[PDB]
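Each remark here refers to the structure printed beneath this line.
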Amino acid sequence: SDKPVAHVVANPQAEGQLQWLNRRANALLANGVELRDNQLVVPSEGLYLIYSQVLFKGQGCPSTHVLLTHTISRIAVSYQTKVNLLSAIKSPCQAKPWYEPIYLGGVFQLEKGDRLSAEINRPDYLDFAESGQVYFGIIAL
Amino acid sequence: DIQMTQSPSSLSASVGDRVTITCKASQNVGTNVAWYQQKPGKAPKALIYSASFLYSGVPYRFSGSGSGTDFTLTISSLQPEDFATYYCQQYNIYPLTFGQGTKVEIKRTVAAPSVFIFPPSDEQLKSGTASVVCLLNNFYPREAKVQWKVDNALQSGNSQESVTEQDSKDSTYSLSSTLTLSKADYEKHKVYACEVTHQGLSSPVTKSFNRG
Amino acid sequence: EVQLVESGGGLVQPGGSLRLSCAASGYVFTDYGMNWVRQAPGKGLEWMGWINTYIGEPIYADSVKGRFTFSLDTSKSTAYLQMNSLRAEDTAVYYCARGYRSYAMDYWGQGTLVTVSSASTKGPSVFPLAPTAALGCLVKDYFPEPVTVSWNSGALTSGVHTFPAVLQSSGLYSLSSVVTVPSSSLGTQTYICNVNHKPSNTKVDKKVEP
């Protein structure tokens, strides 16, 4: 179809890191959306559904309070400003492993050439082990 | 202008030790705070951003924390190569401002210096001044005393020293000493000697030579 | 690989004028702003300013306002620092570092040392220190700094010690670089230290044997 679209994914081999990946089955880069420096490039002005999900996993809890945070940023072409659009926080800890997912979703108007960044603070805590657990995506509407 | 004050201003720790340095901001900067690592005479390497976020390819043992005014950088397990100076920075409002830096030095098991002595290059003597060099190699801790002796005559005022920063592999030091005199006083007295003392060595150690 | 490579620095004379270039590679140059940070010799980090690479507008710190100016050649991916009316107090390593507006700095230029000084450049001298065996070079009587030393053009790093320069009574610096080798390697393999001094005249290399 004709709308700018992306659904991209964490990279299974990417070593302990969040690397957004469209070369995959059931993954999308289309209609001018580019993946540049691990960010989504908005090809045109409009309204975009933006969404991301990360799934964190620990084995047990180390002795610090852990704050897992997951964030989608808009880098505006002209101003060159990084700004929070979507952010959520989780606090997993207070033998056996734990799993905290985070979902982010929303509708904003984006200028052509704007960039979207899906990022988290602790890549050591990231589980992409099976598929569909870590993904970044937008489609214009 | 937002102050950033790191504590301590420097610290020693053993390899494997948890290490904390703390940053306090003269105003609430929220989470807009970043930590940098500068190894000596290198550019800064970006470590953490928006106060907890890790930059890619940066080892996990690094964790940033805090919000409000107080922030802490934490090295989980200290490593020989974590030897560096670390700067917190606030980007909340202009101008950007940095902490004053915190030196992180590694503590390690005692090492005794390798002593080498260097008659000056003939090419120098030709040009008319002269230099004798002593190399203390790969030792710890940093204190060493280098006595320049020419046939038991203890020199002074005439010689300088340079010392390395901590080698990021083994966390040791190395010393270069230089004894300068013109060719006029090259041939001057009997021995050209270098005596060294370090608390890794059995008894005070000279290593030497003579001319020609 | 993102790369900021800087140059233009080196000796100047007081009241003088200098332009610094930060040449960026490996990213879209107009996708990020550029920060200018200077660091005094051994002191901490001072933020001079930021420039938007897309629309070209800079922002200056109050101290540096107007006495320095930033500019761009977008098309060659280089950012500029114009420095004028330089005082001895201005001596520093100047850094370009990439970042968004009012945000952190991910990539830093290797830095380049500006020396504001009345004196004139002095090219190094260079001398062999001839012999587990250790050996080295010595770089006497040069001003200003920096000086870099490689060995075998960079094919020998293991064991290389390059000392910080002392300041001699001369007013002139000097430094030595050494390295240790095995005691059988003497006579067989080829060891030559390669000394540069860029802000002045030079490149040099030196053969070293008993």
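Simple scheme: letters A, B, ... for chains in structure tokens order, numbers from 1 for residues in each chain, numbers from 1 for ligands in the order shown.
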request  = Select residues of chain C: the criterion is any atom within 6 Å of an atom of chain B, counting only C-alpha atoms; output as JSON, numbers by chain.
outcome  = {"C": [44, 102, 103, 106, 110, 127, 128, 163]}
Kindly assemble as JSON lines a list of the chain B residues that lie within 10 Å of chain A, each paired with its nearest atom pair and their distance in Å to one decimal, using only C-alpha atoms, sorted first by chain and then by ascending residue number.
{"residue": "B:48", "atom": "CA", "partner": "A:121", "partner_atom": "CA", "distance": 8.7}
{"residue": "B:49", "atom": "CA", "partner": "A:121", "partner_atom": "CA", "distance": 8.5}
{"residue": "B:50", "atom": "CA", "partner": "A:121", "partner_atom": "CA", "distance": 8.7}
{"residue": "B:51", "atom": "CA", "partner": "A:121", "partner_atom": "CA", "distance": 8.9}
{"residue": "B:52", "atom": "CA", "partner": "A:121", "partner_atom": "CA", "distance": 5.8}
{"residue": "B:53", "atom": "CA", "partner": "A:121", "partner_atom": "CA", "distance": 3.7}
{"residue": "B:54", "atom": "CA", "partner": "A:121", "partner_atom": "CA", "distance": 5.5}
{"residue": "B:55", "atom": "CA", "partner": "A:121", "partner_atom": "CA", "distance": 8.4}
{"residue": "B:56", "atom": "CA", "partner": "A:17", "partner_atom": "CA", "distance": 6.8}
{"residue": "B:57", "atom": "CA", "partner": "A:17", "partner_atom": "CA", "distance": 7.9}
{"residue": "B:59", "atom": "CA", "partner": "A:124", "partner_atom": "CA", "distance": 9.5}
{"residue": "B:60", "atom": "CA", "partner": "A:124", "partner_atom": "CA", "distance": 6.7}
{"residue": "B:61", "atom": "CA", "partner": "A:124", "partner_atom": "CA", "distance": 9.8}
{"residue": "B:63", "atom": "CA", "partner": "A:122", "partner_atom": "CA", "distance": 8.5}
{"residue": "B:64", "atom": "CA", "partner": "A:121", "partner_atom": "CA", "distance": 9.4}
{"residue": "B:65", "atom": "CA", "partner": "A:67", "partner_atom": "CA", "distance": 9.0}
Atomic separation - atom CA of residue C:104 relative to atom CA of residue A:85, Å =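 Straight-line distance from atom CA of residue A:85 to atom CA of residue C:104 works out to 18.2 Å.
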key: Counting only C-alpha atoms, the option among B:28, B:166, B:6, B:172 closest to residue B:69   = B:28
ask   = So, counting only C-alpha atoms, which residue among A:21, A:139, A:50, A:77 is closest to chain C?
value = A:77
I'd like the contact shell of stretch 5-8 of chain A - 8 Å cut-off, only C-alpha atoms, skipping same-chain residues fewer than 6 positions apart - returned as a PDB file with N, CA and C atoms, in the first residue's frame.
ATOM      1  N   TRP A  20      17.966  -1.731  15.564  1.00  0.00           N
ATOM      2  CA  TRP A  20      16.707  -1.872  14.856  1.00  0.00           C
ATOM      3  C   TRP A  20      16.960  -2.437  13.468  1.00  0.00           C
ATOM      4  N   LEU A  21      16.134  -3.398  13.089  1.00  0.00           N
ATOM      5  CA  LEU A  21      16.426  -4.227  11.934  1.00  0.00           C
ATOM      6  C   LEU A  21      15.190  -4.435  11.076  1.00  0.00           C
ATOM      7  N   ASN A  22      15.250  -3.996   9.824  1.00  0.00           N
ATOM      8  CA  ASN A  22      14.169  -4.340   8.902  1.00  0.00           C
ATOM      9  C   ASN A  22      14.432  -5.518   7.960  1.00  0.00           C
ATOM     10  N   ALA A  27       8.817  -7.858   8.654  1.00  0.00           N
ATOM     11  CA  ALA A  27       9.396  -6.573   9.031  1.00  0.00           C
ATOM     12  C   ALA A  27       9.264  -5.590   7.866  1.00  0.00           C
ATOM     13  N   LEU A  28       9.225  -4.298   8.170  1.00  0.00           N
ATOM     14  CA  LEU A  28       8.888  -3.320   7.148  1.00  0.00           C
ATOM     15  C   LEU A  28       9.784  -2.082   7.148  1.00  0.00           C
ATOM     16  N   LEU A  29      10.265  -1.741   5.955  1.00  0.00           N
ATOM     17  CA  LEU A  29      10.728  -0.395   5.617  1.00  0.00           C
ATOM     18  C   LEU A  29      10.104  -0.056   4.263  1.00  0.00           C
ATOM     19  N   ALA A  30       9.282   0.986   4.199  1.00  0.00           N
ATOM     20  CA  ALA A  30       8.585   1.274   2.950  1.00  0.00           C
ATOM     21  C   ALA A  30       8.202   2.730   2.765  1.00  0.00           C
ATOM     22  N   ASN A  31       7.958   3.078   1.503  1.00  0.00           N
ATOM     23  CA  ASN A  31       7.371   4.358   1.133  1.00  0.00           C
ATOM     24  C   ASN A  31       8.184   5.546   1.657  1.00  0.00           C
ATOM     25  N   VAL A  33      10.330   5.837   4.279  1.00  0.00           N
ATOM     26  CA  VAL A  33      10.910   5.734   5.613  1.00  0.00           C
ATOM     27  C   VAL A  33      12.251   5.027   5.470  1.00  0.00           C
ATOM     28  N   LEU A  40      14.322   5.895  12.768  1.00  0.00           N
ATOM     29  CA  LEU A  40      13.385   5.930  11.639  1.00  0.00           C
ATOM     30  C   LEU A  40      13.279   7.345  11.062  1.00  0.00           C
ATOM     31  N   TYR A 135      10.397  -4.466  19.184  1.00  0.00           N
ATOM     32  CA  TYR A 135      10.089  -3.891  17.888  1.00  0.00           C
ATOM     33  C   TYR A 135       9.768  -2.400  17.966  1.00  0.00           C
ATOM     34  N   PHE A 136      10.035  -1.725  16.859  1.00  0.00           N
ATOM     35  CA  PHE A 136       9.890  -0.289  16.730  1.00  0.00           C
ATOM     36  C   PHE A 136       9.085  -0.101  15.459  1.00  0.00           C
ATOM     37  N   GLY A 137       8.092   0.778  15.472  1.00  0.00           N
ATOM     38  CA  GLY A 137       7.335   0.998  14.254  1.00  0.00           C
ATOM     39  C   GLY A 137       6.467   2.233  14.163  1.00  0.00           C
ATOM     40  N   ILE A 138       6.248   2.671  12.925  1.00  0.00           N
ATOM     41  CA  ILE A 138       5.367   3.794  12.620  1.00  0.00           C
ATOM     42  C   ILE A 138       4.639   3.554  11.302  1.00  0.00           C
ATOM     43  N   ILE A 139       3.465   4.160  11.160  1.00  0.00           N
ATOM     44  CA  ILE A 139       2.810   4.265   9.863  1.00  0.00           C
ATOM     45  C   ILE A 139       2.053   5.590   9.796  1.00  0.00           C
ATOM     46  N   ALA A 140       2.181   6.305   8.680  1.00  0.00           N
ATOM     47  CA  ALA A 140       1.496   7.582   8.522  1.00  0.00           C
ATOM     48  C   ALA A 140       0.009   7.361   8.356  1.00  0.00           C
TER      49      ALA A 140
END
key: Those in stretch 7-209 of chain C with helix (DSSP H, G or I) from DSSP, as an MDAnalysis selection string   = chainID C and resid 29:31 88:90 152:154
message = List the spatial neighbours of residue A:115 as a ChimeraX atom specification - criterion: any atom at most 7 Å away, only C-alpha atoms, same-chain residues fewer than 3 positions off excluded.
response = /A:39-42,74-76
ask   = Which residues of chain A are close to chain C, meaning at most 8 Å apart when you count only C-alpha atoms, and how do they look as a PyMOL selection string?
value = chain A and resi 37+77-82
Would you save the residues from that selection as a CSV table (one decimal), in the first residue's frame, using N, CA and C atoms?
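Final file, result-v8.csv:
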chain,number,residue,atom,x,y,z
A,37,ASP,N,21.2,5.6,11.0
A,37,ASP,CA,21.8,5.5,12.4
A,37,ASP,C,20.8,5.0,13.4
A,77,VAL,N,14.2,17.9,12.5
A,77,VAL,CA,15.2,18.2,11.5
A,77,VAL,C,15.9,19.5,11.6
A,78,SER,N,15.1,20.6,11.7
A,78,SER,CA,15.6,22.0,11.7
A,78,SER,C,16.2,22.4,13.0
A,79,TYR,N,15.5,22.1,14.1
A,79,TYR,CA,16.0,22.6,15.4
A,79,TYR,C,17.1,21.7,16.0
A,80,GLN,N,17.2,20.5,15.4
A,80,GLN,CA,18.1,19.5,15.9
A,80,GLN,C,18.0,19.2,17.4
A,81,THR,N,16.7,19.1,17.8
A,81,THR,CA,16.5,18.8,19.2
A,81,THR,C,16.0,17.4,19.5
A,82,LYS,N,16.5,16.7,20.5
A,82,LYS,CA,16.0,15.4,20.9
A,82,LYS,C,15.0,15.7,22.0
inquiry  = If you run DSSP on the backbone here, which positions in stretch 144-210 of chain C get strand (DSSP E or B)? Please write them as number ranges by chain.
reply    = C: 148-151, 161-162, 166-167, 173-181, 192-196, 203-207
message = Can you pull out the residues contacting residue B:149? Cut-off 9 Å, using only C-alpha atoms, and skip same-chain residues under 4 positions away; I want them as a list in words.
response = residues 153, 154, 155, 191, 192, 193, 194, 195 and 206 of chain B
inquiry  = Env of residue A:103: 7 Å cut, atoms = only C-alpha atoms, seq-sep filter 5 positions within chain, self excluded. Answer as a ChimeraX atom specification.
reply    = /A:52-54
Residues from last step as file, C-alpha atoms, as a PDB file, in the first residue's frame:
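Writing done, so here's selection13.pdb:
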ATOM      1  CA  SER A  52       7.560   0.386  20.376  1.00  0.00           C
ATOM      2  CA  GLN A  53       7.813  -2.575  22.736  1.00  0.00           C
ATOM      3  CA  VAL A  54      10.869  -3.745  24.617  1.00  0.00           C
TER       4      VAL A  54
END
